[PDB]
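To begin, one chain is listed below as structure tokens, in the form deposited in one PDB entry.
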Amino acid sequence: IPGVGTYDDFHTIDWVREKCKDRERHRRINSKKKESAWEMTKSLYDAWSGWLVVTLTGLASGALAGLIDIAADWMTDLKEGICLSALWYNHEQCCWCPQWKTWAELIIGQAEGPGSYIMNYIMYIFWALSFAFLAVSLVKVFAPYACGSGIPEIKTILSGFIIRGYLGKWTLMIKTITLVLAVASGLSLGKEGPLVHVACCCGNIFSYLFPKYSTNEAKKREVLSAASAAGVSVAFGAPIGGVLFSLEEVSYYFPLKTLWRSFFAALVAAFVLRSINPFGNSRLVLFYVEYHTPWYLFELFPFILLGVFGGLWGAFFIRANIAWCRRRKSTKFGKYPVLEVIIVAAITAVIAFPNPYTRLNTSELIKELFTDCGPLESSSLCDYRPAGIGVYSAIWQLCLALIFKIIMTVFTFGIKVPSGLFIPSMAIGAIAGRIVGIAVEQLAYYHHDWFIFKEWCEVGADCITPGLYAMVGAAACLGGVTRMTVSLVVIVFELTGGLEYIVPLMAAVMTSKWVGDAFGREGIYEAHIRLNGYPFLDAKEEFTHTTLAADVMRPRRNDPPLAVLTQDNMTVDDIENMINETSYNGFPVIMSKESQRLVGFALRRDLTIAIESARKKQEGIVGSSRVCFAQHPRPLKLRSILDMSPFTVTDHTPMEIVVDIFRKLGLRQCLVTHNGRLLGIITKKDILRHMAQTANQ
């Protein structure tokens, strides 16, 4: 019957049923292939559909990432001036500087002086405000789903949740435009994490072109996992890192074939980015900073210390941001998203313009911090490198920036614009690591008499490398705020290329994960999932409460008896009334009202669809005709919509085993029986609600 087997919005899919549908389609297609040669070519196309869709998703993700990077760089450069000779060229490419003219030279006509500084300040603020206004208005008017990182929603979707329109074309376009707008605005956010959502949108749009991936939910989830891998790859140019992230972060179920498919998609996207090098390649992709000297054993001490910082700040953020977000979801603050975005952008621009580090783009700041001092470098971060008073000043200039980055982010992650949390955390950790490395280098230079320095360092030698400390701090902050261990480390290593610095990174990361784990085992993405109330049966959480299945059945003593359907003692009108009277997703069809022996399970959606189709197709089905759910007045027959083998457990079964079954098999509901007689039903909603109750939420 047409329509049978579909799902509604904000519903969970049944993986077993979807896979049964997929293999039934596979058997039918194989039979057709053996039937004819044209069907054989169709079967070959069906087999190659997965490769085709993953390749298309990778190519689209790479192209979109390149375009977004180019547009964001140009728009960010527009704030501080423009290149009259070539308006399309950005500041860096325009000066590759008489061609570049600042707003002071174009309005006041003076390149220097207090008036020039004032004009530049006002123009910077105005451009930031305009970009923020455009981004928020576009998000609110066209695609409200384009707001946020999207990683929490993608995680919920890959678990089996349905969010219609989240991965649509409208959301893709609006997010693509608004991410560039927000990045140019200068808000404390990034465009690396959100790229995963863009890749997922592309994956869905391409999956619509293949019947195998367009009529089955599980195959769509596999394509989405590959898309997420490709998105991370384009974000950080780390295809292996992207595959690991898909494996450990967003993919609830990851078949082995999906591993290689996601790896191929990530490699294709990385190759697409390489082809347009350096046009669409970001600074992070082109980082490629060489190392001066190898790390040393004693240096692991400050690194671990950095880890502690990464463990602490992230925890604080998880406690702060969430709380603020909750206030936005409870008070009137959420009724004025445009005003909130405008105010945040104004404050950020005003407080960031005076300080060169904050006025600097976050990605460029990260690149500079990771970049090591050189003989040709004369930046304030490397003016001293003996050392002078300016060092202290430099440290001061860093410290303030750090504080700024810590504050704005808390009020920036959650606003109604595309915002990413990877870049801000990386910048904060990089600043902290740079400060720590500067301190360690100064101590080594002024106290080389210590046996540790005298053994592992030499007078007038590059024993200490602050760039490595900044990298370690960035990795520690990312791990402490996301609780990622392997994917994070591999992504950092691929981004920086420091194969010899994998050990220094890992350690720090682990430390952060432990420290944060002391203040809470939940990460930022999971915390946001819980805040939004999405149905998520996280496997990381362990159910320790000693309860039995009898304690979770909905039809309790106080509750009314569960609605059931007789095999062949029901009519179409009665079934319609039952559907319109009960709120159950499905109903268990029993043999008889006395025996109450389970016969099957019929979903309400399929039941209604079958009834309507039969009424519109045949004559005499006006309610008088009976409905028979058994096998072979024109009585209605609805055996095709019922499940012959619903999962069942005993009333005394410990709830831990039930949760295990639900997690591993991805079931939708389980019929709790005893003596072969139906008693109750435990649904994923009930399991989640019980888990929340036992967790004191």
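The term rigid core refers to the most C-alpha atoms you can superpose between the two forms while keeping them within 1.5 Å. Residues that one form lacks are left out of the comparison. Just count from 1 along the sequence shown to find any residue number.
- Compared with other entries of the same protein, residue 389 falls in the group left without coordinates by at least a third of them, where both flanks are modelled.
- Per the compared records, residue 454 is resolved in all of the other entries whose models span it, so no third of them omit it.
- Unmodelled residues of the deposited sequence between neighbouring positions residue 34 and residue 35 number none; the chain is continuous.
- In this entry, no coordinate-free residues of the deposited sequence separate residue 359 from residue 360.
Same protein, other form: the form deposited with a partner chain bound, not shown, and the subject of what follows.
- The shortest heavy atom separation between residue 70 and its partner chain in the entry with it bound is within 4.5 Å.
- In the entry with it bound, at least one heavy atom of residue 137 sits within 4.5 Å of its partner chain.
- Although the partner is absent here, residue 572 sits far enough away that none of its heavy atoms falls within 4.5 Å of its partner chain in the entry with it bound.
- In the entry with it bound, its partner chain lies farther than 4.5 Å from every heavy atom of residue 289.
- Only one segment in the set 168-176, 614-622, 460-468, 424-432 has residues whose heavy atoms sit within 4.5 Å of its partner chain in the entry with it bound; it is 168-176.
- Though its partner chain is absent from this view, in the entry with it bound it lies within 4.5 Å of a heavy atom of just one residue from 128, 181, 603, 438, which is 181.
- Just one of 74, 587, 210, 124 comes within 4.5 Å of its partner chain in the entry with it bound, counting any heavy atom, and that one is 74.
- With respect to its partner chain in the entry with it bound, the three residues 66, 88 and 276 uniformly fall within 4.5 angstroms at the level of their nearest heavy atom.
- Once the core is superposed between the shown form and the other one, every option in 543, 252, 161, 264 stays below 2 Å in C-alpha shift except 543.
- Shifted segments between the shown form and the other one, defined as at least 3 consecutive common residues whose CA atoms all move 2 Å or more after rigid-core fitting, lie at 284-287, 540-546.
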